[PDB]
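Just the one chain here, the form deposited in one PDB entry, laid out as structure tokens.
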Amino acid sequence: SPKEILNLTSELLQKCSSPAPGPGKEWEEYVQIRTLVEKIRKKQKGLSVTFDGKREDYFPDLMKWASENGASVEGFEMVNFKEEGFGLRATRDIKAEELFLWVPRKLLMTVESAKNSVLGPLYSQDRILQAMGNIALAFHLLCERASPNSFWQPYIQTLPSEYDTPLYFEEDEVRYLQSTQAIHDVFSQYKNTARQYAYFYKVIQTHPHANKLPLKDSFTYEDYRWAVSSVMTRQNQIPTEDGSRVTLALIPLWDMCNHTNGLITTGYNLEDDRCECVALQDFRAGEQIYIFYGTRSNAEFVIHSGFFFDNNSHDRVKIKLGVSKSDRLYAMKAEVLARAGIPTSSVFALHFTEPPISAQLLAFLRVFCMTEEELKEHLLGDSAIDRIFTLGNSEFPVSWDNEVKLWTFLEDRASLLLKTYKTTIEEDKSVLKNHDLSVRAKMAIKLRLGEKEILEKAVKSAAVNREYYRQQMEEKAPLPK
């Protein structure tokens, strides 16, 4: 059994180190990797370390541990919520902008504390750990979890034992995402995680020696999946003590806050060396205390945070666009885009808000649909730089005809993109209504629906904009300046 598990990880390492198979064969590669991962996992014991009892029983010790090291423990409590898991509930009234949470650096798990832990020797020898603080944090977490005397034991014992990152999805749950934008990042996550587990399994088991490292006795695929999901769903960038650079960190107590829409109200206080959080809004006693995680898309929330957020006002989808070298106006268009600080081709974002395109995308699309005479006006003479200056401003168009052309293109390309999906918007909504699905399956289906709904909104915006400028073209309205 011990050599057999080593042979399997060596095959897993080879498979997951191979170049990308091509987009048409990524699903096949994914199922091949799952098969090998699943065979390793059935031959292993699960998590190397587990803890008795229910998750609620450990939160009192987390609070006592935080209070004895200077953290705030007044005004809130840990409660199991129906829609978010566990989180903070105010035990008193909390007014907006009130400082209610602070966590000194001594409580944090950071790349620096990892370097100074039992992981230190391996970290100093391994070029991957030195390059990837997120992976180092994951191993920091595993090493301390396996250390009964660890200072961070009260925090590690309150972490979830399972997550809703795609690493935990069944194959048929990932299958819902076929033909979506998001599934490629799911494939990458799965292949990254498997390559890393196999790489470090061979480093730990094979490479001298039998260090004080607790991972030498037991390092399972379950261990690594749990550790990277803990880090990716909870990690944070903070300054170092010197304030000279940034590091990755796990922030106990405060990272139990669940997410809602709003603005970031959590910041690092370097002089007093502690994390600080002020109330996003008024929280009456008994209400859940929320924070704003960040302006991430639902693809990012699903893949890296393990949840889908309804009414995420920052949801977006990628759109790839570029001036082809086949265009006879390529040189002029590329020069205009260069002067505006835009590459000749890039990945842009379509947003589910109004307007759905950014200033950068609007500037690119304007150049994309520009005549040669219009491009010359953006290249030559005393007004050329000023015309570039307003290229991304919806109030100052190049011409009525230019607006109609660019909005026609966006309408057409978004409509084309809707037709590359396996299901329609209406069929997804009927799957979600008429069927009873797992939480993870609903996440996959709502994500593929969300992509199409964002494209659908772009079609409607572009159609309206098209008609607006086209009717103003017919009336020959004076162009603004």
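Shifts are known only where both forms have a C-alpha. What we label the rigid core is the largest C-alpha set whose atoms superpose within 1.5 Å from one form to the other. We number the residues from 1 along the sequence you see.
> Could you find out if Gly22 - modelled in this structure - is missing from at least a third of the other PDB entries compared that contain residues on either side?
yes, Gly22 frequently unmodelled elsewhere, at least a third of entries.
> Which of the two stretches, 251-259 or 237-245, shows the higher mean Cα temperature factor in the record?
Stretch with the greater average CA B-factor: 237-245.
> Going by the B-factors listed in the PDB entry, is the mean over the C-alpha atoms higher for 360-368 or for 205-213?
So the stretch with the higher mean C-alpha B-factor is 205-213.
> Out of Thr165, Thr344, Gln157, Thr110, which residue has the highest Cα temperature factor in the PDB record?
Of the options given, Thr344 has the highest CA B-factor in the PDB entry.
> Of the options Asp223, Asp315, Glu300, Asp401, which has the highest CA B factor as deposited?
That would be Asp401, according to the entry.
> Sorting the chain's modelled residues by C-alpha B-factor, tell me whether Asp61 ends up in the lowest, middle or highest third.
As the PDB entry reports it, the C-alpha B-factor of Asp61 lands in the highest third of its chain.
> Would you please rank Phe187 by its C-alpha temperature factor against the other modelled residues of its chain and give the third it falls in: lowest, middle or highest?
For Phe187, whose C-alpha B-factor we compare with every modelled residue in the chain, the answer is the lowest third.
> Comparing against every modelled residue in the chain, figure out the third that the C-alpha B-factor of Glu171 lands in (lowest, middle or highest).
Lowest third of the chain for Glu171's C-alpha B-factor.
> Lowest, middle or highest third: which one holds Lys429 when the chain's residues are ordered by CA B-factor from the entry?
As the PDB entry reports it, the C-alpha B-factor of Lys429 lands in the middle third of its chain.
> With respect to C-alpha B-factor, does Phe352 fall in the lowest, middle or highest third of the chain as deposited?
According to the entry, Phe352 has a C-alpha B-factor in the chain's middle third.
We do not show the form deposited in another entry, though everything after this point is about it.
> Which one moved? Candidates are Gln196, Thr265, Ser72, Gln205, criterion is a Cα shift of 2 Å or more between this form and the one not shown after superposing on the core.
Only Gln205 moves by 2 Å or more at its C-alpha.
> Kindly check if the Cα atom of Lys54 is displaced 2 angstroms or more between this form and the one not shown relative to the superposed rigid core.
Yes, its C-alpha moves 2 Å or more.
> Could you identify the runs between this form and the one not shown where three or more consecutive residues, present in both forms, all have C-alpha shifts of 2 Å or more after superposing the core?
Shifted runs of three or more residues, which all move 2 Å or more: 52-54, 205-212.
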